[PDB]
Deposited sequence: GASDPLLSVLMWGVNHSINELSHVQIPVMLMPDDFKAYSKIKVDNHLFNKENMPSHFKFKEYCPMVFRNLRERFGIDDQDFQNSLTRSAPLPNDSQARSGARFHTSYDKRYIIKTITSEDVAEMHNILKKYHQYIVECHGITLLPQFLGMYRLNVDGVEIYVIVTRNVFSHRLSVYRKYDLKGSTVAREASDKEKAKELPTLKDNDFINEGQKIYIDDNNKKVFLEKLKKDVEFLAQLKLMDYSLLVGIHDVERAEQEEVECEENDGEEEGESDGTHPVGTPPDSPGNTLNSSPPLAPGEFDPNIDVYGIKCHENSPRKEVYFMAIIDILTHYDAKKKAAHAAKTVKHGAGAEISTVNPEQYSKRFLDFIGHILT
């Protein structure tokens, strides 16, 4: 697939170039308006590695390098995950081959919005020491191969890179991914057996994160919820995840009826209210937090 080739090639180039750039003492205003573009033309050469004619553009390379650091991600590890082997498609989005990252096609509009929030996003991240349920935006690029132009973004996978998820929801509190929905969560009677301390830590993150979203007039986000079943996985020792990698995982409590491990975080935030030119951002967050607070009562 020529678009994955260019992505793998562009990321590889992106990180290697960056390896020559000094880690700054701080980001500057201009860092949030910067880009690197590269255009390759091979005439009668290299027909076999990948396409002869392509472009690759990286937005705000210093910023996303900074964010990778703040999210506990090493540039060389990142490069490896995206280049050692091709991303795996999903009937859409890809997964890095080691399942650490999601690669997702987005619109120019989405790209523009990511730009409009990137300063506030950064600041929010600093302020919370990288501990948040918001998407972790790791890099953002434009590809051209042939007359096909596309925008992609890379986020941390909400789910474990190792523990399998036998059941998944996407919750809004009121096209779309292969998940179960609000109504299904309700009808199924789905419970999440985590302790009071873990509910408290989780919700107090959610409340701040969501408030940030409302302030930005963003909407239509949801809480992605994945359940690993441990006794099923019998058919790091069993039930274990590295928290430093599987950053959204929370163990069930001692009295959970089933040995579960849960992966919950916010996804798909880049819809601005005005872009819908219904529900305002305030009403959306209010419904959203009420539903989440509810299903975790």
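Any chance you could give me the deposited-sequence numbering of all the stretches lacking C-alphas?
Seq positions lacking coordinates: 1 to 3, 95 to 101, 185 to 196, 258 to 295, 338 to 355.
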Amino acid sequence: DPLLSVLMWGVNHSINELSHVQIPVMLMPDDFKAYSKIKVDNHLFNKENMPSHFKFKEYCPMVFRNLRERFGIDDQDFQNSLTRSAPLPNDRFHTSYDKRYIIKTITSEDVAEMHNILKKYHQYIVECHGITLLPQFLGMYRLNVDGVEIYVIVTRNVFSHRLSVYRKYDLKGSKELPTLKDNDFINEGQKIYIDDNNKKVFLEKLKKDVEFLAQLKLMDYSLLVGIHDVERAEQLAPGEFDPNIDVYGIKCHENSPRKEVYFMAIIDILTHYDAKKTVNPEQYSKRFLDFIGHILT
From here on, numbers count along this sequence of modelled residues.
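Each form is matched to the other, and the largest set of C-alpha atoms that superpose within 1.5 Å is called the rigid core.
So, in 6 other deposited structures of this protein, taking the root mean square over structures and residues of the Cα distances after a rigid core fit: is 190 to 198 or 177 to 185 the more displaced stretch?
After superposing on the rigid core, the more displaced stretch in 6 other deposited structures of this protein is 177 to 185.
Would you mind working out which of 48 to 56 and 244 to 252 sits farther from this form in 6 other deposited structures of this protein by RMS C-alpha distance, with the rigid core as the fit?
Evaluated in 6 other deposited structures of this protein, the stretch farther from the shown form is 48 to 56.
Between us, would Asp91 come up missing in a third or more of the other compared entries?
Yes.
Please report whether at least a third of the other compared entries leave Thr278 without coordinates.
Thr278: unmodelled in a third or more of the comparison entries.
Identify the stretch, either 60 to 68 or 238 to 246, whose C-alpha atoms have the larger mean B-factor according to the entry.
Mean C-alpha B-factor is greater for 238 to 246.
Looking only at CA atoms, which has the higher mean B factor in the entry: 27 to 35 or 249 to 257?
Taking the mean B-factor of the alpha carbons in each, 249 to 257 is higher.
Which one of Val145, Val126, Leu171, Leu133 shows the top CA temperature factor in the record?
Of the options given, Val145 has the highest CA B-factor in the PDB entry.
Looking at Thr179, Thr155, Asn198, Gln79, which has the highest Cα B-factor in the entry?
In the PDB entry, the greatest C-alpha B-factor among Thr179, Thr155, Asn198, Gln79 is found at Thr179.
Considering only modelled residues of the same chain, in which third does the CA B-factor of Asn42 rank: lowest, middle or highest?
Answer is lowest: the recorded C-alpha B-factor places it there.
Going by the CA temperature factor in the PDB record, which third of the chain does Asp74 belong to: lowest, middle or highest?
CA B-factor rank for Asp74: middle third.
Among the modelled residues of this chain, does the Cα B factor of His94 put it in the lowest, middle or highest third?
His94: CA B-factor falls in the middle third of its chain.
Sorting by Cα B-factor within the chain, modelled residues only, which third would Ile292 end up in: lowest, middle or highest?
Middle third - that is where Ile292 ends up once the chain's C-alpha B-factors are sorted.
Test of reading the entry: by CA B factor among the chain's modelled residues, which third contains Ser14?
As the PDB entry reports it, the C-alpha B-factor of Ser14 lands in the lowest third of its chain.
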